[PDB]
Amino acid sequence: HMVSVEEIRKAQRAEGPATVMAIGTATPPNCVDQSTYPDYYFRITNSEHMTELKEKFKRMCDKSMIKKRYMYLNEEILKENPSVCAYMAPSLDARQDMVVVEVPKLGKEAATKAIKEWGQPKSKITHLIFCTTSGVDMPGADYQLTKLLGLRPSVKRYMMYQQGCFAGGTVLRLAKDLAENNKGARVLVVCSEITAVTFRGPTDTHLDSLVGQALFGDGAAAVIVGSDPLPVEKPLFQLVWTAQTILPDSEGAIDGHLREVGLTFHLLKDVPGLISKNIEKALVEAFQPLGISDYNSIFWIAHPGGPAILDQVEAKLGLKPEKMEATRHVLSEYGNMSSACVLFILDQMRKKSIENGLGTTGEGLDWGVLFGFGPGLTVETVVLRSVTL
């Protein structure tokens, strides 16, 4: 009998939808209270003389709706690395030396927790997606994680570098196709973000760089995705449908350049306005084929780039104020952790749904949406289905 490509294809593919079976999260230990951050930040960057700029930064922090963030960087590391405390001193080598180690380390912490929840042998992991906006190396963070966890050497890896804030959507869009197209496939997904690449001193000339110093936090999240769950596996969410789009008239709204001074952040145009103007079109594309037009009838995960995005989306669509609760909770307790945020928010929604005895992992609702927002301006959409509790 001569084996054909059509035979192989039929035997190779999975049957059912991609299913989230575990979520784990991790943060660096140094907890940074937002209410005292202007005083800490102006002191460690030797900027106490800039009293007007410090006032502007206090207003940014006060408006952020962030209570605390976790940071790998602490006073001791900043004292050892004064190039990082300047506005634009040569500092990429110092920042790389930190993040090429700490990004996979924090990833491993999140991944161990996801694997524990999943309750299967790590030898059954067939695919690894590693996503970061913090540093690059060869071999990559995917290779480093494979060694730290002792995954099979034949794990199929997808190394997603320099992605930015929409990529929590991207990794679920990729994991969906890996799980669905490959019988038995189990996909470990890790997003790990460390602000050591982007931390720098303040200047009046670049108030967009300063906004970043108020919002960005550190964290890592991991999920396990697979089709055709075993009886001993415990589904949390199904991945139903995905999209990625570039918003019209958004050119240069969010740019990030990796330079000898590290990663620099640049803002033009009105990000909250552009996202609000365009979000309904994205929802119709996702939900009109499912017969859904009431956006208060679905559970919400939105990347909290800042509070203004969430406020203007809520106001544009007339969401009840409860829809954004899980999202605002993560923003409040962790800040903007770039690609990892939306995965923290998925965990928080499951946890709150359990605590409050709701019927499903999606706050008692059946259908949900997850949005990533970032450079492009790029919007990632993922349609989700909850599981009954």
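The first residue of the sequence shown is number 1, and the count goes up from there.
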Requested in this report: Compare the mean C-alpha B-factor of 70 to 78 with that of 111 to 119 as given in the PDB entry, and name the stretch with the higher value.
Outcome: 70 to 78
Requested in this report: Look over 164 to 172 and 288 to 296 in the entry and identify the one with the greater average Cα temperature factor.
Outcome: 288 to 296
Query raised in the report: Among 85, 131, 263, 243, which carries the highest Cα B-factor?
Result: 85
Report summary line: For 327, 45, 353, 27, the deposited C-alpha B-factor is largest at 45
Query raised in the report: Where does residue 312 sit by CA temperature factor within its chain: lowest, middle or highest third?
Result: highest
Query raised in the report: By its CA B factor, does residue 339 count among the lowest, middle or highest third of the modelled residues in the chain?
Result: middle
Report task. Divide the modelled residues of the chain into thirds by Cα B-factor and specify which third, lowest, middle or highest, holds residue 384. Result -> lowest
Query - residue 34 by Cα B-factor - lowest, middle or highest third of the modelled chain - result: highest
**Report entry** Ranked against its chain, the third holding the CA B-factor of residue 156
**Finding:** lowest
